[PDB]
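Values below: all heavy atoms of this structure, side chains included; hydrogens, waters and symmetry mates excluded. Here is the naming used below: chain letters follow the sequence lines, and residue numbers restart at 1 for every chain.
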Amino acid sequence: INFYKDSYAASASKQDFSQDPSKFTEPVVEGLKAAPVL
Amino acid sequence: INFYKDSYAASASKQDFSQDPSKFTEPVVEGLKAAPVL
Amino acid sequence: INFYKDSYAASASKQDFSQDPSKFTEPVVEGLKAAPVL
Amino acid sequence: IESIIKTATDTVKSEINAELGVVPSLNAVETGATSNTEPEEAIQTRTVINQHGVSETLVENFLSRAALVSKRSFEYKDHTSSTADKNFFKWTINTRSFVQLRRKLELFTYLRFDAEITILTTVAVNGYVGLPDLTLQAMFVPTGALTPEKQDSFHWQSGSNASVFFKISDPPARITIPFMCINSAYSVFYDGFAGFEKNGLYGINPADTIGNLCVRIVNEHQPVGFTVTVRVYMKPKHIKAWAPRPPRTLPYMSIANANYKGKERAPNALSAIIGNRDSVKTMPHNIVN
Amino acid sequence: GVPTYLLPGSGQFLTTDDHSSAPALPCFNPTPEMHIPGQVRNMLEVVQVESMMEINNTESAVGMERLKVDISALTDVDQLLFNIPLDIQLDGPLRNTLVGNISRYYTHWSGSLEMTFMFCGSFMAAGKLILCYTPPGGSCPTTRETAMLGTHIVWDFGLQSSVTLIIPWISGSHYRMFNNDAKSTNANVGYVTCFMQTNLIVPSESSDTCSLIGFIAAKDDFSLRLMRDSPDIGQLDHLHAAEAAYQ
Amino acid sequence: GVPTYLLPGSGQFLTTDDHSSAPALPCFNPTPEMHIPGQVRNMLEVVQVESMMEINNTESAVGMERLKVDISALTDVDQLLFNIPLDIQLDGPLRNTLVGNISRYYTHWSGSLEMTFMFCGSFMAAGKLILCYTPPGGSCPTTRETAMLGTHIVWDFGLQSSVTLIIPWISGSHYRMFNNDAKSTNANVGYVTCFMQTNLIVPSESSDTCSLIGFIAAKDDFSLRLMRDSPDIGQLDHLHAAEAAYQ
Amino acid sequence: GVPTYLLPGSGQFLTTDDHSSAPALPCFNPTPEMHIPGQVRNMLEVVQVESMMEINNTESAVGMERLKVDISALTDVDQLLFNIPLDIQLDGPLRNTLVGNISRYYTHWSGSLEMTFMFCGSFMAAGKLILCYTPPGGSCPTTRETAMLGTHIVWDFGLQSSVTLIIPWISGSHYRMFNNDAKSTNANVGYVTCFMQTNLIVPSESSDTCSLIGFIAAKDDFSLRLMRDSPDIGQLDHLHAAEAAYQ
Amino acid sequence: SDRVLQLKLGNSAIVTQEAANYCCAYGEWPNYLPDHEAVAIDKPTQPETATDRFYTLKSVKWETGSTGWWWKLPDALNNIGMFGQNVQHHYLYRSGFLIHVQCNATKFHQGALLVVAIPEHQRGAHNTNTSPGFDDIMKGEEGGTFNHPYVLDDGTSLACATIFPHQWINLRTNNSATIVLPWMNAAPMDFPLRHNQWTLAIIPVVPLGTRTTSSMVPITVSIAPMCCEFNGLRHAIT
Ligand SMILES: CC(C)Oc1ccc(C(=O)Nc2cccc3c(-c4ccc(CN)s4)ccnc23)cc1
C-alpha cells in the first residue's frame, strides 16, 4: 500500500536475492580449480 | 485481510478438517473386524 | 461489509418479505368463500 | 484411514440379529485397540441424519485463544533510594507460570505454532492526581544478547533488537513472533538434560529457548510515584500438535518441573483423584420422587 | 483521504479475535517441517480413545485400587454388584477420563458413549453379568428385574475378555449441558448398573475374588460445543520459581 | 498506509445501527433448524387477527363482563344502543386489542379496519341492528336518522351469527398519527354507533337480555410506521429477584 | 464514510515495521546511480571470506603476535601443538573474525566451517601435522591416537603452503544457538586439535621456529537466523563532540 | 491368526503362542532418515544386524506389592552389545524400537499388566520443589520403579495413559505384549546420552493372585533397536 506520489516513500525492498561472493572470495585473474593451485 | 510481507503474520487457519483417529484407537497391525477379535 | 469468519457475526437480515397470515386468520380445514360460511 | 470430517456421523436403522459366530459386543482390550462396537450392533436404532458440526474441537480452535503468560507490577518513581524493578523489568519468557494455559499445552507432546503477543498496561497512583499517559518500550532480547541494566542504559537504543513503543492510552500493543524453535516442533515435555555435563537442567529442551522480554517506562520519573502493571497475553496460531497426553491431575508446584504433591484430600489428592462416594452401590445424585 | 468512522468495539481486546498482526522478526525462516508420528487435528480423536473409569472411588480404595472393581461368588441370586454415576460435570467415576477431561473444556455435548469392561480373573473363573443403562426420569434401579427393562447387554466370560455396553444418545434436545445441577432435565443422563446374571464360579486353586476394569470412550457421533475454562485446574499463588524468571 | 479522516458520528452508539460485529465464540455451530408451527415474519399478520373490543369499559363492569354488551327489548323505536370511541392512542375499547397493542409500538398508521359483532342470544331471539361509521368533522350522532347518513350495515340476526362493519380508510393524508390530542385533524377517525333497526324480540322461555361480542382487526391494506416505545408498559423499580441475579 | 474499528497494536512504534511513509521533500530527484565496485547484497557473502583466527590469545602475546602460532622441533613423538575453542558466542579465537563478527548479530546458525592453515617457515623447513575436529560429547582429546578417531586431515608441508580442515555441520538440530552456556547441547560444537604427525625438521641455517596462520570462513551451506544486538560494542557515555552537535 | 507370533531380527528370534495382536505406535513403522529430512552431512554408519536385534534385559519379579517398572530408551541399551559401542563412539543416534514383554503363569493365576510406551516421559519428584536429578532419571539397563504409578510419577493419570501406545498382559488371555516404536523426536537425530525418546512402563493395574502353590512370576523385557544410524564418529565416551 503506497498512495504517495514519490517512489522513495515506499516500504523496504527485501526481494534482491542476487549474490556474487566470488568478487570477495576469488578475485584471482585465473580461476581456481578443483588440482594444485600454484 | 493481510498486508504484511511475512506469511506467519496471518490470522489463524481454522479449515483443516482431516482426521485419522485410528492412529490412536486402532494401532493394531491387523485391523479389527465387525467377529471374534482373538 | 463483513470480514469476520463466522456468518453469525454479520449485520441484520431485513429482506424476508414472505407472509402467510392465513395460518392465524384462516386455520379452518375448509377454506372460507366470498357465500354463507355455515 | 485419514478422512475429512465436518459433522458427527449419521446413525442407520438396524434390525434384529441372532447370527451364529458374530459377536460385535465382545472385544479384546489386551490388543490395545479401543472397542469397535457400533450402536447399530448393540441395539435396534432408527435412521438419524446428523448435522452437528465438529469445528469447535479443531486443535486450532482449542488452542488459539489469548491467555495470560506474564504479569509484572513495578514502581514508576524516582528510584535513587530503592534497594527492586527501577522503572523497568526483565522477564525470562516461559509458558509454565499460569496453569490454565499450561494444562492445555501439556495435553500434547509436540507443538509448532506462531505466537500472537498482546501487551496490556494499567497504572495506579501510589497512596489522587490523575493517571499519566506514559510511553512504554518493550524490547525482545534473544539468547546471548545483553539485557539492559538500567532504565536509561544504551541497550535500549535497540540497533538490532526488535522493540515496540506503545502508549497507555493506545489499544494494547500487538506483535506476532514466528515459530522459532531450532527443531521442527517445540518439546512440551523433555525427558532429558540440557547440557553435556551431568549438572544441566532436567526437563527443559535447550532448543525451545525464546529469550528475554525487557520492558521500561520511557518517561523520566514524575515527582510522585505510580504503580504500573504489565500483562502479556499469548495466542498460539498456525498450530500443529503431536502425541496427545493424559491431562495434569495434581496441582502444579513449580514452573521448573512436573513435581507433584496433590491436594490434602480428594478431589485431586495423590491417593484419590475422584472424590469418594459411600460405596460402589451408592448413587450420589439419585432422583427420588 | 478516505472518510471513515469508528464503530462500537473499536480498540477492544477480545481474547478470541482473529486478525493478522505485525511480524516482529521480518524475513525470519522457520525450521523446515519434519514428519512426526501422532499428529492430532481434532480433539474428538482423543475422546474416542477408551480410558479407565474410577468406579471404586471409595474411602479405603487408595491409588491404583480405585481403578478396579472386585467381584466375589455370591449365595443369593441376581444381586447388584455396582452402579456408575453418569455425571461428567459433577465429580464421579467418569471425570478423570480422556473423554471426561476434554469434555470439561466445553459446555454442551451430544452423542453416544461406550463402556467396555475387561474381566481379569483367572482362566478357570466363569460367570455371566448383566450391564444395564437406564434412561433418566426415576431413581437408579436396585433390582435386576427393574434394571433389565432398560438397555442392557448380558456378558458371558470367555476367550474374548471384554464386553461393550453402548450408551446410546437418547435425549429430547440436540445437546446436554455440563451443568452443576445434576438433576436438571437438560443434564441428567441416567444410570449404569451391573448385576449378576448367574454367578462368579471358580475352582479352589483360583483366587476367590476377581476384578473388572471399566473403560469409557465417546463414539464418532459425539460432538462438543461452547469452550470454557475447565474447573480441573487452578492456582491460588505463584508457582515456585515463577518469580525467579524476573530475576 | 491509507490516508483517512474521521467523520461526525465517529464513535457513537446508535441503538438502531446495523453493522457486523466480532464473534465472541469462534467456530461455534448453532443447533440445526427445526420446523416449528406458526412462524411470524411481519407484525401485520398479527393485527389482521380479530380480537375482542372492551366496549363495556364502565364502572360496575368487572373483568370478563367488560368484553360484552347486553341488549334488551325496548318499547321506543330506533333507540341508540352503544357507541365505540375510535381512538387507539387514547384509552378506549380499541387499545387492548391485537391491532391496538401492536399499533401502539408505532406512530403512523393507514388503512381499513373491520369490526365484527357476534350475537350470542338464544336461537329463538330475533332482531335487526344498524351499525354506523361516521367520518370525522362533527359530534357523534345520537339519533338513527343522523347516523344512517354515514357508512353503515343493517344486520339481521340469523343462522350466520356475525356481521362485519368495514371502517374504510377515509383520510385526507396518507397516514394518521397516534396523537394524544384526539381532536387533531391528523388523528381523529370519527365514530361507530349502534342503533336498533327493529327490536330484540324473544319468547318467554328465552332470556330477556342478550349479548354482543365486538371484535376488531386490520385489513391487509393496513400499514404502520415510525417505531416508538409503547406506553402500555413501564417500571418504577427493579423487579423482584432482579437484584438476586447479581448475587 | 467507511465503517472501521481499530485493532490491538494501533498506534504502536515497532522498530522492525515495514510501511510506506510521507515524503518530506516532494519531487526531489536523487543523484543518478553509478557503478561502484564491490556491491554486497547478502551478509553471507562476507562470512565466506576467510579471516585470521586469534589462536595465540595468551598473556605475553601482544598485538600481531596473537595472530600466529609458533612451532618448534620436538624430541618426543606425536605431541599436541595447540587446540582451538570452537565457541563463537563465548570469547575465543573465532570471535574477531568476519564469520564471527557477522554471526554475533544473529542468534541461530547452521552449516559447515573451513579452517585453513598457512605454513610460514622457510623453504628448507619440512613437516607433517594432523588437524582433528572432534564432534561434541566428551572432553577435548589430549593424545594423538584419541584425536585421530575424529574427523581429520594429515598435512604435509610442501609447495602448496596451506591446508583446509572442513568442520562439517554435524548436529542433531537444524540450528545451533550462540548461547552463553557453552556446555548446552544446543550450542557446543566440539574441538579442533593439532598434533605432530611427524616433526618439524629444519637445517641449521633456517630459523629453528616456524609459524602457522590459521584462518576460518563459512561455507556456502551456512545460514544465520534471528537478528539481535551484537555484544561486541557498547557505550556508557556520550561520545566526544556528540554534545557539540546541539551547539 | 492373532494368537501366535514370530519375530526375527538379525541372529535373534522370538516366538509366542499367546500374543494379543501387536501395536504399531501411531500406525508408523521404523525407517531410516531420508535425504529431505537429514541435517548432519557426514555419511552415517548403518550397522544393520549388529545393532538391529533383540537384547534381553534382567527380569523383574512380579510381587503382590509391586508398583510397576520402567526403562528409558536408549539409556537402557547404551551399554549393551554393538548398539552400546556405536552409541559410545558417535555423537548422534537415531532408531526405532521393537519391544516385547514376556510374562506367563498358570490358568489359576490372575493379574493384569498395562504395558505402555510413553514418549518424552519427563518425570516429577513427589513433595518437593527440587527437580529430579541425573541419578533419579538415568537408571540404565536396570531401569526404575514407579513411586506413584496412579499419577505416572508426573502429576498426571494412569487411567488416561491408554492415550499412549500400549497393550495389556491379562494372564487369563495372553502372556506377551509387542509394541513397535518409530523414531519419535523433534529433531531428526539426537545425542543418545542426554535425552530419552521413549519410556517403557509396565504397571500391574490388577495385582498377581492365585490359590495354587506360589512360584516366582518374572516379567522379562526384550528390545530390538530398528534402523539404527549413527553420525559424528569420534573417540568413545564409554
Ligand atoms: C518486544 C517485542 C517487539 O517483541 C516481543 C517478543 C516476545 C514477546 C513475548 O513475551 N513472547 C512469548 C511469551 C510466551 C511464550 C512465547 C513463546 C513460546 C512458544 C513455546 C514455548 C515453550 N517454551 S514459549 C514463543 C515466543 N514468544 C513467547 C513479547 C514481545
Side-chain angles (χ1 to χ4, degrees), chain D residues 99 103 106 189 191 202-203 245-254 256-276, chain E residues 51-54 56-68 95-98 101 213 232-233 239-240, chain H residues 60 62-72 112-133 135-139 142-164 166 196 199-208 219:
Chain D
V99 300
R103 189 172 188 265
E106 288 178 8
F189 289 89
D191 187 21
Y202 184 61
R245 305 190 73 93
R248 184 79 184 190
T249 62
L250 304 193
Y252 292 106
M253 295 186 72
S254 178
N257 52 50
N259 289 10
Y260 61 87
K261 179 178 174 64
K263 285 184 170 285
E264 187 64 26
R265 52 165 56 174
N268 307 316
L270 180 60
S271 57
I273 294 160
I274 279 46
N276 300 315
Chain E
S51 53
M52 302 174 241
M53 298 184 282
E54 193 167 303
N56 187 23
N57 64 313
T58 65
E59 293 173 34
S60 80
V62 175
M64 292 208 283
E65 300 177 334
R66 306 173 69 82
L67 304 182
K68 66 176 181 63
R95 172 172 63 89
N96 184 39
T97 66
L98 294 167
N101 286 125
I213 307 176
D232 290 343
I233 200 70
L239 302 187
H240 183 78
Chain H
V60 296
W62 193 358
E63 296 176 10
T64 55
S66 294
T67 60
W69 310 264
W70 55 263
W71 298 262
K72 298 192 170 287
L113 302 170
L114 177 65
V115 181
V116 61
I118 305 171
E120 304 288 3
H121 190 223
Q122 179 189 333
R123 298 178 57 75
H126 176 232
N127 193 43
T128 182
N129 293 321
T130 306
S131 306
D135 300 320
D136 297 323
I137 302 306
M138 300 296 286
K139 294 302 188 192
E142 186 163 276
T145 285
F146 278 90
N147 298 318
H148 303 100
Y150 180 60
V151 298
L152 302 174
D153 298 353
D154 64 1
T156 289
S157 179
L158 177 57
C160 294
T162 54
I163 196 54
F164 297 132
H166 73 284
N196 293 289
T199 296
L200 177 62
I202 300 174
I203 299 174
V205 182
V206 175
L208 186 72
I219 301 157

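- E:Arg66 places no side-chain N or O within donor-acceptor distance of the main-chain N or O of E:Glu54, the cut-off being under 3.5 Å.
- Remark: D:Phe189 pairs with no residue by the ring-ring contact (aromatic ring centres under 6.0 Å, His included) rule, at least two apart or across chains.
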* For H:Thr64 and H:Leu208, what are the C-alpha separation, side-chain angles and deciding distance, and is it a side chain to side chain contact (heavy atoms under 4.5 Å, CB included)? -> CA-CA 6 Å; H:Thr64 55; H:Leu208 186 72; 5.8 Å; no

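- Residues forming a side chain to side chain donor-acceptor pair (under 3.5 Å) with E:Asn56 (at least two apart in sequence, or on another chain): E:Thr58.
- Residues satisfying the side chain to side chain donor-acceptor pair (under 3.5 Å) test with D:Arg245, not counting sequence neighbours, are D:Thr109.
- When each of D:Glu106, D:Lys261, D:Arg103 is tested with D:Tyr252 by the rule side-chain hydrogen bond (donor to acceptor under 3.5 Å, both in side chains), just one qualifies, namely D:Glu106.
- A 6.0 Å sphere centred on NZ of H:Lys139 holds more than 12 heavy atoms belonging to other residues, nucleotides or ligands.
- Checked by atom type and distance alone, the side chain of H:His121 never pairs as donor or acceptor with a backbone atom of H:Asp153 at under 3.5 Å.
- E:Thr97 contributes no side-chain N or O that, together with a main-chain N or O of E:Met53, makes up a donor-acceptor pair within less than 3.5 Å.
- Among residues two or more places apart in sequence or in another chain, the side chain to side chain donor-acceptor pair (under 3.5 Å) test is passed with E:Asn57 by D:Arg277.
- Remark: side-chain polar atoms of D:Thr249 are paired, donor with acceptor, to backbone N or O of H:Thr156 under 3.5 angstrom.
- Under a 3.5 Å cut-off, the side chain of E:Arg95 and the backbone N or O of D:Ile273 do form a donor-acceptor pair.
- By the side chain to side chain donor-acceptor pair (under 3.5 Å) test, D:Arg248 pairs with no residue at all, sequence neighbours left out.
- For the pair D:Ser271 (side chain) and D:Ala269 (backbone), a donor-acceptor distance under 3.5 Å is absent.
- Salt bridge D:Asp191/H:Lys72: present, at least one basic N to carboxylate O contact under 4.0 Å.
- For the residue pair D:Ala256 and H:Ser131, the shortest heavy atom distance occurs at O-OG, 3.9 Å.
- Side chain of D:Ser254 to backbone of E:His240: a donor-acceptor contact under 3.5 angstrom is found.
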* Going through the checks in order, is the side chain to side chain contact (heavy atoms under 4.5 Å, CB included) test met by H:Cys160 and E:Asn96? -> CA-CA 8 Å; H:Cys160 294; E:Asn96 184 39; 4.2 Å; yes

* Asked: Can you list the steps and then say if H:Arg123 with H:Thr199 is a side chain to side chain contact (heavy atoms under 4.5 Å, CB included)?
  -> CA-CA 10 Å; H:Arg123 298 178 57 75; H:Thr199 296; over 6 Å; no

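- A search for ring-ring contact (aromatic ring centres under 6.0 Å, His included) contacts involving H:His148 returns D:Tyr260, H:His126, not counting sequence neighbours.
- When all heavy atoms of H:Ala159 and E:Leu67 are compared, the closest pair comes out as CB-CD2, 4.1 Å.
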